[PDB]
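Novice: Pasting a structure here, questions to come.
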Amino acid sequence: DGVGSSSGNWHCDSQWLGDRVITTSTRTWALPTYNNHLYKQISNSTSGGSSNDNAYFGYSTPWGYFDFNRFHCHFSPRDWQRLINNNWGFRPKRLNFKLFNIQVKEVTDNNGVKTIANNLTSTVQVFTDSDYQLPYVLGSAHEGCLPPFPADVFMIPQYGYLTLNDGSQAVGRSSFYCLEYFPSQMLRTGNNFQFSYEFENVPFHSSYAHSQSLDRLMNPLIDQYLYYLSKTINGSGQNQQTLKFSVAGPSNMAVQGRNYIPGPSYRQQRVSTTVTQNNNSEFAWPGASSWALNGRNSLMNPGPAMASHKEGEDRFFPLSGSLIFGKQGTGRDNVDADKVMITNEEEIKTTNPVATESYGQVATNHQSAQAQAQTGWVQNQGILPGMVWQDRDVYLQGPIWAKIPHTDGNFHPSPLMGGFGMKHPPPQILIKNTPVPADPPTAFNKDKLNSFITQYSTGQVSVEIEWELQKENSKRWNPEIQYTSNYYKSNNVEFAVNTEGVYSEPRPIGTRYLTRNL
Amino acid sequence: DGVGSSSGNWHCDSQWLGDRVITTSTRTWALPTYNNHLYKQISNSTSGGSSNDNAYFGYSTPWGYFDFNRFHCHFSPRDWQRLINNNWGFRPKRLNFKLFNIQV
Amino acid sequence: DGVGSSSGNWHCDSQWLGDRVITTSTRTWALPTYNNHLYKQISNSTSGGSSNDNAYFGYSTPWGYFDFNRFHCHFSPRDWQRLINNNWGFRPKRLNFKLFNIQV
Amino acid sequence: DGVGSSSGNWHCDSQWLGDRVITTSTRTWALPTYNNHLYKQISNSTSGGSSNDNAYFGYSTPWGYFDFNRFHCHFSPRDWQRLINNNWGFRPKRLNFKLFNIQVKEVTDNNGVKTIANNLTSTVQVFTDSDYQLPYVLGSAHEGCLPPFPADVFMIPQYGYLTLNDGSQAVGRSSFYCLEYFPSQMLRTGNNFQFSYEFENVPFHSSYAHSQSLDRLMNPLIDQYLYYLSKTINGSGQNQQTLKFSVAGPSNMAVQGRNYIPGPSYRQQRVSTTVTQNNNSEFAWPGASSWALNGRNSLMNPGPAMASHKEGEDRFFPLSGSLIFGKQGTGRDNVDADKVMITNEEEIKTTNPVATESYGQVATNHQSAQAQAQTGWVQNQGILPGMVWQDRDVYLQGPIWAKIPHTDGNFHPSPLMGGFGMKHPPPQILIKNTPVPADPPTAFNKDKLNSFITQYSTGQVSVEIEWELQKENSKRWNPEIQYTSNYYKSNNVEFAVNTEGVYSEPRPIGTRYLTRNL
């Protein structure tokens, strides 16, 4: 429309209907100029990369993108508490995105003094990739998200992708995507962008624990009509052999028969938060569970969802099998254990095996009069018909969704890190501010113009998601566990701003408090 | 229309129908000032031109022009591969040109 | 119908539509007499078969069957090249089979 | 339909309407089995081929084809005489083809005695290639045509084609055509085949001579108002120079100006039918006009249509520039000059240059006081705007049409040998008798069956063409030249059967007798 009329209002509210939530958010963003309007073929050989497992090849683009898919973007700590205390499950339904109130600024730096001026005729060009024809970055949980606190202004991250490689060289199947080669919408100040998206049907994330375990499904009062082999030995002494059977019953459980078995396991190494209980050596990389693909060892981060620890022992956690979050202002490298936030997976102890323990035990050999019965340990168990498991839990800081890779087959395509796997997730929104060149020379030259005006843009994003809720039906008598702010006095308020104006989330908040029967 | 409204969107796609292709392209251009707004009667005698086969006479204008008539302008290497592998012949039918989002 | 009228024409072509291919093929076959019109209870003990992993038991019939399910039956090397270069995926939809011009 | 009912009647007549002729023909054919049902990759290296110009690579097929495109197939000597005496031009309009009364025979050769028996269930499969997707053989004037005399039974020639090569090896662009890979129609005894074809518009072949030459177009009574340079020399002696001009007139023709010039020329070597007048040497290959393509010298047979000889000198003919026909029962190789039939092109002397003579003469240099005027000979002249020529003449023994190769450009695509060039000539009719295998072995074998029944088929072909005529409008007074049978007595009748039953055409019959004004 025009320069003096606003493109859109700030709408941050969230409305709770019965079966449905609609959470609107609005932020202020700032978009710089990336790579000086170039595509630079990034590879490991540019800097270091002396290990084959770290080899990569790809391209970096001047474009930048919006990643809103962490949970803290769309939920306040109170709207999250209201969510997870009152509801068994949820899932997204619709998505609506808006760009408005765009402003483009010119910067002139001369004699070290710099003047920022406003370009009314400049454009910024933005498109959504609806057909998934570009490498999908978002589902990888990289930084650059809409800040959790609505008053922050955030930079838009740079877009770039990786392709096939042999070492640092490019293999003939490598693809190159020119992002200028897509239809986009060019926006001046007084233009606004929007689009709508409908999530494909995804199973409700289960926010509950289980009020009974998998190995106790039974009436403790009554016997089973099925037997087991209780006694293989008549008595002590030679040639004493007999087969005695016994009714499996409350006196001896864990020998009863049962219809279902716990989920699969891939063992992780156990490491204790107490320092002295750990070994003295470097076991971090060497002693870690990995998966190798095409000669590259990819360390196995968050694998099959598994209980992090057993019973009341919290001292230890799986090496790579847990999510680790940083606190506010946490360093980049060699951070002490107190500044990281380690996540606790113990809610699934009922249906899932412990991550650091063997799935079970199997017989190695056939016994005989000569040969003793020998049993080995099962470190990993892929699946068995009749297994039952649960997915890894959802947090405020964790990702909302991921993209299920397009492939011939996949089993239970729920993201190993967390969230809602989708064949067609909400599309990427890429944004770039169009180049404005400096004065061309008078005489014509074949070469392309490498001199541009230093420039950046600013605006607001509105992202509203419509969520579908599954209400608690529980007939339980005694009171539930809930998520609370502990009342004791403190220098600061949790999930509130600091004295310097810094917003910090004290602890990771899981989704699982309410319980259901197994 | 106005200063704060864009004159046109960026449309670079190409659509392959059965008997027909439509290749759209969009570029960014920069136009300087030529000859200080003059017509200067260029000729070989201005610089060198000591051979009769190289003799020429003409005029240079402040104007400038769009030349899009190489093939790489309208086709990506993939749209060219798709073209020449699957097809015996081709020829242009229509042309459509646009200037928009002008800035001085 | 009759002895002097042909039962069917030879139709070997293949037609490429946009989303769909129809590949017709035609061959000439010869059917002998098998097992002298008998069912003979074939087993490993007939010849050799001294390994338990190679043990087998079954029956051989005078009947014979048409196996067309390799790909080279339905596609020429050119129709295969045209297929795999231009297309991401495929799958069969319908099948139609004919026997004609029988001679004993 | 059935075994005991005929598939079609014999229809050989020809009906002359005013502007139109319809010539029906019917013949009896016999189709053997070719290559034992195989495709054999014929190449020069199979036998001999020690010269690079003779290098070839191709495939031979079991299929066979109908070539009816000589003129004697469709015209009797009387229907040809009636045609060329009464008409200025003609051209084909429609074509209609029929196969009927098919018979398939089994042959058993045992102890040297052989019994031919009839297979009622066998088929013969025939298709026309309408889309020109196969190499087009017909336009090359090879043998195998429907016999000129309706009472003869003829064998169907074998089909085969050539592709690219380097020497005898195959270049990657070489193509292989499986003829089984086309839809065809399978015919038993009691089935019949037919199709119709419409000739695309072709210019009338001109059957006429010219009653006036190209260099006499003029009123012999009247002068021209244009001058020429008559005298460059004042008189004998030094420093005598002047420019005198003169009216071009009847006294001095051949110096007059004129609006048009004769057609192009590519010189041929002159060789005399009288033996002693020729040189003593081998000039046949060495002294012959050729055209080289990709390192191969292709001798230039029938090139631009050009008068074979000048004036009343028939002793000589161009080396390769004339059509040579054989007489009846003529040998294959090293045939004496009397048994060949040499064709006479002299009817075009008016509009065309002599084949054995230079097109003209051009100045080599600039004259001056020092330098004399020097002129060289033009051996070949490609074209000039304002040239006028005529095409080579049509005969009874010569081809009716050809196929204009599909290419970016062609100039005046009239076949150099003769006839009507067409982008889409009448399609090839290929025919094969389907294989009937001998008894298969009892035990299954992977290999293909190489044992077949010796077999052949027989039937009748009807080919009717509809011709369009251009009638003589001439206002000439004195009588025309016509084609006649000379009356003098002879042991045999021309264009009639011998005492042994052999049909022989005595002389080639051109199409050009009637005259028109130039």
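We label chains A, B, ... in the order they appear in the structure tokens, count residues from 1 in each chain, and number ligands from 1 in the order shown.
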Write out as a list in words which residues come within 12 Å of residue B:104 when counting only C-alpha atoms, dropping same-chain ones fewer than 4 positions away.

Specialist: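 Surrounding residues, per the criterion: residues 119, 120, 121, 122, 436, 437, 438 and 439 of chain A; 3, 29, 30, 31, 32 and 33 of chain B.
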
Novice: Stretch 8-13 of chain B: which residues within 8 Å, counting only C-alpha atoms, same-chain residues fewer than 3 positions away excluded, as a PDB file with N, CA and C atoms, in the first residue's frame?

Specialist:
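Below is the file result-v9.pdb, written as the result:
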```pdb
ATOM      1  N   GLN A 125      12.932 -10.063  -0.816  1.00  0.00           N
ATOM      2  CA  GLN A 125      12.252 -11.116  -1.553  1.00  0.00           C
ATOM      3  C   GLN A 125      12.221 -12.397  -0.738  1.00  0.00           C
ATOM      4  N   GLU A 180      17.780 -18.336  -6.452  1.00  0.00           N
ATOM      5  CA  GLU A 180      17.193 -17.340  -7.337  1.00  0.00           C
ATOM      6  C   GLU A 180      16.329 -17.964  -8.415  1.00  0.00           C
ATOM      7  N   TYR A 181      16.389 -19.277  -8.567  1.00  0.00           N
ATOM      8  CA  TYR A 181      15.778 -20.012  -9.660  1.00  0.00           C
ATOM      9  C   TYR A 181      14.349 -20.435  -9.346  1.00  0.00           C
ATOM     10  N   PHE A 182      13.797 -19.956  -8.236  1.00  0.00           N
ATOM     11  CA  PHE A 182      12.468 -20.204  -7.713  1.00  0.00           C
ATOM     12  C   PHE A 182      11.638 -18.935  -7.782  1.00  0.00           C
ATOM     13  N   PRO A 183      10.337 -19.051  -8.013  1.00  0.00           N
ATOM     14  CA  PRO A 183       9.476 -17.869  -7.944  1.00  0.00           C
ATOM     15  C   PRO A 183       9.364 -17.380  -6.508  1.00  0.00           C
ATOM     16  N   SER A 184       9.561 -16.083  -6.317  1.00  0.00           N
ATOM     17  CA  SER A 184       9.492 -15.477  -5.001  1.00  0.00           C
ATOM     18  C   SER A 184       8.661 -14.211  -5.092  1.00  0.00           C
ATOM     19  N   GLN A 185       8.318 -13.670  -3.934  1.00  0.00           N
ATOM     20  CA  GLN A 185       7.507 -12.469  -3.832  1.00  0.00           C
ATOM     21  C   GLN A 185       8.383 -11.344  -3.317  1.00  0.00           C
ATOM     22  N   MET A 186       8.408 -10.234  -4.038  1.00  0.00           N
ATOM     23  CA  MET A 186       9.259  -9.106  -3.698  1.00  0.00           C
ATOM     24  C   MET A 186       8.434  -8.075  -2.950  1.00  0.00           C
TER      25      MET A 186
ATOM     26  N   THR B  23       9.664 -20.917 -20.428  1.00  0.00           N
ATOM     27  CA  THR B  23      10.804 -20.644 -19.564  1.00  0.00           C
ATOM     28  C   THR B  23      10.781 -19.176 -19.173  1.00  0.00           C
ATOM     29  N   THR B  24      10.506 -18.909 -17.905  1.00  0.00           N
ATOM     30  CA  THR B  24      10.565 -17.563 -17.362  1.00  0.00           C
ATOM     31  C   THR B  24      11.921 -17.343 -16.709  1.00  0.00           C
ATOM     32  N   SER B  25      12.418 -16.118 -16.786  1.00  0.00           N
ATOM     33  CA  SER B  25      13.683 -15.755 -16.171  1.00  0.00           C
ATOM     34  C   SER B  25      13.548 -14.370 -15.572  1.00  0.00           C
ATOM     35  N   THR B  26      14.337 -14.095 -14.540  1.00  0.00           N
ATOM     36  CA  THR B  26      14.332 -12.774 -13.937  1.00  0.00           C
ATOM     37  C   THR B  26      15.740 -12.432 -13.496  1.00  0.00           C
ATOM     38  N   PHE B 100      10.398  -3.885 -14.021  1.00  0.00           N
ATOM     39  CA  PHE B 100       9.666  -3.556 -12.814  1.00  0.00           C
ATOM     40  C   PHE B 100      10.654  -3.281 -11.699  1.00  0.00           C
ATOM     41  N   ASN B 101      10.146  -2.670 -10.632  1.00  0.00           N
ATOM     42  CA  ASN B 101      10.924  -2.354  -9.439  1.00  0.00           C
ATOM     43  C   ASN B 101      12.139  -1.500  -9.788  1.00  0.00           C
TER      44      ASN B 101
END
```

Novice: Residues at most 6 Å from residue D:103, counting only C-alpha atoms, excluding those fewer than 3 positions away in the same chain, as a PDB file with N, CA, C and O atoms, in the first residue's frame?

Specialist:
```
ATOM      1  N   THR D 189      -4.446 -68.283 -45.255  1.00  0.00           N
ATOM      2  CA  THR D 189      -5.137 -68.440 -46.522  1.00  0.00           C
ATOM      3  C   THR D 189      -6.619 -68.190 -46.305  1.00  0.00           C
ATOM      4  O   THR D 189      -7.271 -68.926 -45.561  1.00  0.00           O
ATOM      5  N   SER D 457       5.744 -68.955 -49.217  1.00  0.00           N
ATOM      6  CA  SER D 457       4.380 -68.533 -49.470  1.00  0.00           C
ATOM      7  C   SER D 457       4.261 -67.932 -50.861  1.00  0.00           C
ATOM      8  O   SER D 457       5.253 -67.635 -51.525  1.00  0.00           O
ATOM      9  N   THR D 458       3.018 -67.767 -51.300  1.00  0.00           N
ATOM     10  CA  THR D 458       2.706 -67.345 -52.654  1.00  0.00           C
ATOM     11  C   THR D 458       1.368 -66.621 -52.624  1.00  0.00           C
ATOM     12  O   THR D 458       0.546 -66.863 -51.743  1.00  0.00           O
TER      13      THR D 458
END
```

Novice: Just want the 10 Å neighbourhood of residue D:379, counted on only C-alpha atoms, with same-chain residues fewer than 6 positions away dropped. Output as an MDAnalysis selection string.

Specialist: chainID D and resid 265:268 356:361

Novice: Determine which residues of chain B DSSP labels as helix (DSSP H, G or I) from the backbone of this structure, then write them out as a ChimeraX atom specification.

Specialist: /B:44-46,52-54,77-86

Novice: Mind giving me the straight-line distance from atom CA of residue A:319 to atom CA of residue A:289 in Å, one decimal?

Specialist: 8.5 Å

Novice: Tell me, in Å to one decimal, how far atom CA of residue A:311 is from atom CA of residue A:353.

Specialist: 11.8 Å

Novice: Counting only C-alpha atoms, figure out which residue out of A:145, A:247, A:209, A:481 gets nearest to residue A:393.

Specialist: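 Answer, going by the shortest atom-to-atom distance: A:209.
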
Novice: Step one, run DSSP on the backbone; step two, keep only residues of chain C assigned to strand (DSSP E or B); then write them as a VMD selection string.

Specialist: chain C and resid 10 14 to 16 21 to 23 43 57

Novice: Can you write just those residues out, N, CA, C and O atoms, as an mmCIF file, in the first residue's frame?

Specialist:
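File again.cif, as written:
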```
data_model
loop_
_atom_site.group_PDB
_atom_site.id
_atom_site.type_symbol
_atom_site.label_atom_id
_atom_site.label_comp_id
_atom_site.auth_asym_id
_atom_site.auth_seq_id
_atom_site.Cartn_x
_atom_site.Cartn_y
_atom_site.Cartn_z
ATOM 1 N N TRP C 10 -0.288 -59.468 -35.017
ATOM 2 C CA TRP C 10 0.921 -59.196 -34.255
ATOM 3 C C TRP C 10 0.907 -57.737 -33.824
ATOM 4 O O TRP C 10 0.878 -56.846 -34.674
ATOM 5 N N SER C 14 4.648 -49.838 -28.371
ATOM 6 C CA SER C 14 4.572 -49.276 -27.027
ATOM 7 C C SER C 14 4.284 -47.789 -27.140
ATOM 8 O O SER C 14 4.970 -47.083 -27.883
ATOM 9 N N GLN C 15 3.298 -47.307 -26.392
ATOM 10 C CA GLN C 15 2.859 -45.925 -26.500
ATOM 11 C C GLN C 15 3.086 -45.195 -25.187
ATOM 12 O O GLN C 15 2.661 -45.660 -24.129
ATOM 13 N N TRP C 16 3.753 -44.052 -25.268
ATOM 14 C CA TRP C 16 4.120 -43.258 -24.105
ATOM 15 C C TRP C 16 3.142 -42.102 -23.981
ATOM 16 O O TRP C 16 3.185 -41.157 -24.772
ATOM 17 N N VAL C 21 2.419 -45.501 -19.420
ATOM 18 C CA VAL C 21 3.027 -46.231 -20.521
ATOM 19 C C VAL C 21 2.218 -47.492 -20.749
ATOM 20 O O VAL C 21 1.717 -48.106 -19.805
ATOM 21 N N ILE C 22 2.097 -47.891 -22.006
ATOM 22 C CA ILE C 22 1.483 -49.157 -22.355
ATOM 23 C C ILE C 22 2.447 -49.871 -23.284
ATOM 24 O O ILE C 22 2.681 -49.413 -24.404
ATOM 25 N N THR C 23 3.009 -50.978 -22.826
ATOM 26 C CA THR C 23 3.995 -51.730 -23.591
ATOM 27 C C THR C 23 3.381 -53.055 -24.012
ATOM 28 O O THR C 23 3.157 -53.931 -23.176
ATOM 29 N N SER C 43 12.249 -86.285 -6.555
ATOM 30 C CA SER C 43 12.838 -86.128 -5.231
ATOM 31 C C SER C 43 14.350 -86.197 -5.376
ATOM 32 O O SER C 43 14.873 -86.597 -6.418
ATOM 33 N N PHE C 57 11.451 -82.766 -2.144
ATOM 34 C CA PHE C 57 10.425 -83.708 -2.555
ATOM 35 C C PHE C 57 9.352 -82.926 -3.291
ATOM 36 O O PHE C 57 8.951 -81.852 -2.840
#
```

Novice: For residue A:166, work out the shell of residues within 9 Å, counting only C-alpha atoms and skipping chain neighbours fewer than 2 positions away, then give it as a tab-separated table (two decimals) with N, CA and C atoms, in the first residue's frame.

Specialist:
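Produced file result_14.tsv, reproduced below:
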```tsv
chain	number	residue	atom	x	y	z
A	55	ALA	N	34.34	-35.16	7.09
A	55	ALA	CA	34.36	-34.65	5.73
A	55	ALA	C	32.98	-34.18	5.31
A	56	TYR	N	32.92	-33.02	4.65
A	56	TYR	CA	31.66	-32.52	4.14
A	56	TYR	C	31.92	-31.62	2.94
A	57	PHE	N	30.89	-31.49	2.11
A	57	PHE	CA	30.93	-30.66	0.92
A	57	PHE	C	29.55	-30.05	0.74
A	164	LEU	N	26.54	-34.78	-1.64
A	164	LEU	CA	27.45	-35.91	-1.64
A	164	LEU	C	28.89	-35.44	-1.76
A	168	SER	N	36.70	-34.25	0.62
A	168	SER	CA	36.27	-32.89	0.34
A	168	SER	C	35.87	-32.67	-1.12
A	169	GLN	N	36.16	-33.62	-2.00
A	169	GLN	CA	35.79	-33.50	-3.40
A	169	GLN	C	34.31	-33.76	-3.61
A	170	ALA	N	33.80	-33.31	-4.76
A	170	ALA	CA	32.40	-33.45	-5.10
A	170	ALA	C	32.19	-34.63	-6.03
A	171	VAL	N	31.25	-35.49	-5.67
A	171	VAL	CA	30.89	-36.63	-6.49
A	171	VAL	C	29.87	-36.20	-7.54
```

Novice: Got a sec: who's within 12 Å of stretch 364-372 of chain D, counting only C-alpha atoms, leaving out chain neighbours fewer than 4 positions off, as a list in words?

Specialist: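 Here the qualifying residues turn out to be residues 238, 239, 240, 241, 376, 377 and 378 of chain D.
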
Novice: If we count only C-alpha atoms, what is near residue C:36 at a cut-off of 12 Å, once residues fewer than 4 positions away on the same chain are taken out, given as a PyMOL selection string?

Specialist: (chain C and resi 32+40+60-63) or (chain D and resi 442-443)

Novice: Save the residues we just selected, C-alpha atoms, as a short mmCIF file (atom, residue, chain, number, x, y, z; two decimals), in the first residue's frame?

Specialist:
```
data_model
loop_
_atom_site.label_atom_id
_atom_site.label_comp_id
_atom_site.auth_asym_id
_atom_site.auth_seq_id
_atom_site.Cartn_x
_atom_site.Cartn_y
_atom_site.Cartn_z
CA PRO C 32 6.44 -79.89 -26.30
CA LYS C 40 6.50 -88.37 -11.64
CA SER C 60 6.71 -82.86 -12.02
CA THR C 61 3.73 -82.31 -14.29
CA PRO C 62 3.17 -82.56 -18.06
CA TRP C 63 1.89 -78.97 -17.96
CA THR D 442 11.30 -82.97 -24.37
CA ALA D 443 13.54 -81.56 -21.64
#
```

Novice: Can you work out which one of D:207, D:85, D:175, D:140 has the shortest atom-to-atom distance to chain C, counting only C-alpha atoms?

Specialist: D:175
